[PDB]
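Numbering (the authors' numbering), first residue to last: 100 to 145, 148 to 204, 214 to 231.
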């Protein structure tokens with residue numbers, strides 16, 4: 100069950116696309132189409150939050166030292182070498198790189223392919 104997730108990247112949507120890119124001697128524009136190049140098997144452990154297996158090591162990133170009091174719902178983050186989408190507005194220090202509408215849609219074993227979209231969408 101492929102699920103094409105449309106996400107705006109960086110700017111207000113992705114507060115940490117510069118850090119993610121920075122850390123890995125890369126550009127925000129390079130980070131986007133690396134992430135979008137991916138093919139992600141959805142998994143979970145222990148939530149109902151859709152962890153996404155398959156991310157490129159070239160865009161790995163450490164979790165923000167101090168947690169945010171609230172990541173917005175629909176955010177799209179990277180923690181370590183794990184990517185994934187936020188169904189509801191939780192707190193956490195995942196490096197936020199983008200945002201979709203509007204997810214439970216993703217269930218264990220699904221396949222996620224992110225596609226960019228304009229701010230105007």
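Where is the CB? At the ideal position from N, CA and C, for every residue including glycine.
- Closest option to residue 182, judged by alpha-carbon separation, among 218, 203, 153: 153.
- Around the beta carbon of residue 140, fewer than 16 other beta carbons sit within 10 angstroms, so the residue counts as exposed.
- Between the alpha carbons of residue 222 and residue 143 lies a gap of roughly 14 Å.
- Between residue 105 and residue 227 the beta-carbon gap is near 4 Å, inside 8 Å, which marks them as a contact.
- The C-beta distance from residue 149 to residue 137 rounds to 22 Å, too long to meet the 8 Å contact threshold.
- For residue 153, the uninterrupted beta strand (DSSP E) segment begins and ends at 152-154.
- Beta-bridge pairing by DSSP links residue 181 to 162.
- 8 Å or more divides the Cβ of residue 195 from the Cβ of residue 160.
- Residue range 127-134 is occupied by the alpha helix (DSSP H) that includes residue 131, with no beta strand (DSSP E) assigned at that position.
- The bridge partners DSSP lists for residue 101 are 221.
- In the structure shown, residue 189 adopts coil according to DSSP, grouped into three states.
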